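The data below hold one chain only, encoded as structure tokens and taken in the form deposited in one PDB entry.
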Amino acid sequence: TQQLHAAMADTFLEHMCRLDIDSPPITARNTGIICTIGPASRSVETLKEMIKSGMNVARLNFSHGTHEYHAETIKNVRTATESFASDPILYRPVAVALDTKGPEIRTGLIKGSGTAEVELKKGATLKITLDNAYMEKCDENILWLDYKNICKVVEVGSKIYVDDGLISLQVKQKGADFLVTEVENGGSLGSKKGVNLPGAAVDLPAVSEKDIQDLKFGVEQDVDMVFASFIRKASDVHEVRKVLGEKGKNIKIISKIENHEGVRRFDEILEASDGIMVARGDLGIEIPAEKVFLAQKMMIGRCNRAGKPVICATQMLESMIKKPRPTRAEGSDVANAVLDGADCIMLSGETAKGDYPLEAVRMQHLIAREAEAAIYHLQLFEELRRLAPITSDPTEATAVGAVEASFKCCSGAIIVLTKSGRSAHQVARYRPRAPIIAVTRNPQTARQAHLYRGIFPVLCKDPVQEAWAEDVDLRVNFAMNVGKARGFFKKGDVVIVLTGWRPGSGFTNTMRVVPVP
């Protein structure tokens, strides 16, 4: 068959026994792919080849680089995207996302050099002086950190992790100026590395003065979304929404869960956020590493029940930084993220600094296409419906009804006509197997649609005819030509179209089953 022999079972155990590797995919990719842009992927020549490989969102990590650096790669990103803006049938939009530095704590300058590297010995002594004079004179005896209140959160007998938590220190003697530490498992040290204090209440603002600069800078560059790092409560997401103000009212706020406080208040944060990012990098240091998988599936399942997007984040094909092929564990982590119900998957250092930025985006596209097919659609569509509440919205009743018609006639796609994208988000939350072709006039809506799994946005640049009925039916024939060209369906097939009864947002209420012309 073609994936369809597995999804036709009465038990979850038999569904696994029917997973055939001789069954190829057929539909398009439903999981968006976010790649981090860096010095290995900044030229317009490579940025164009990434779009032809599967990239949908360009991420800029503002933990490094100056504004002139990020303004250049933004201009380079947009340049390589309009490289295909000629034919509007094959043109694929991509989005630009800003990543916050947040309440980060770093170390000083190792002997006044940005490339120096001291060597901690297994079991040596280390002093952590809160003074200033050694911020450019860091040797294998004294360490300088920029956290002023490091003494007002730690005590004698605490753990301290530096640079991705690879080296660890224990506090023996703790004064008020410094704190004597012993290397519990050391190695190579470096300059400006991140330090983690698991088990302490760090009182950093989580919306500092540097965050105001890059947020205001991001509004001026017209970015589509923001990844606020280290969100600990709903108060912080509210602080982000106020800083963006009226100029940035239409950009999406995605909260990065990275510490124990944010996990304990996930329901608090989700209700105030537009999306969630499972940032497993920092999260794996503040909590035990063996518990990360429990927190991941917990957040994917909760936001799936609310219809809000979540991303899987760092270290998915990390070995591909120095190798053209990933490892067996990495080939399964991406597959098991789509199966959990993730909306997008992300690449960080794999596309920013690695030696094979293209083959990493190619590998993610291959695995996600296979994982989307072997999804138990009988159990998923029933559970999400049974847990969904009774609604008075006509759009939601049309949305859930269109997905039932989608599974009934085994349709090729679901054409939805929206302007803000809200009518398209309500269809994707019920996860139809058929792709959702959301035709829009709003270029921002076309870029922001990459966050809700199943949506394939197309942007129509035609003028508007006088007869509204002719303008409505004009957007549908565009989606028929786009789907027929890209290989989604052929003439004679059956698709589902979603329209409304009046112009303006919030009126999608008619569903028609139309044959493909």
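Numbers follow the displayed sequence, beginning with 1. Shifts are known only where both forms have a C-alpha. We call the rigid core whatever largest set of C-alpha positions still superposes within 1.5 Å between the two forms.
Missing here is the form deposited in another entry; even so, the following discussion is about that form.
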query: Taking the rigid core as reference, does the Cα of residue 27 move 2 Å or more between this form and the one not shown?
result: yes
statement: Relative to the shown structure, Cα residue 505 and Cα residue 467 in the other form (3 Å or more change) are closer
- request: For a shift of 2 angstroms or more at every C-alpha, which runs of three or more consecutive residues qualify between this form and the one not shown, with the core superposed?
  value: 9-28, 377-379, 502-506
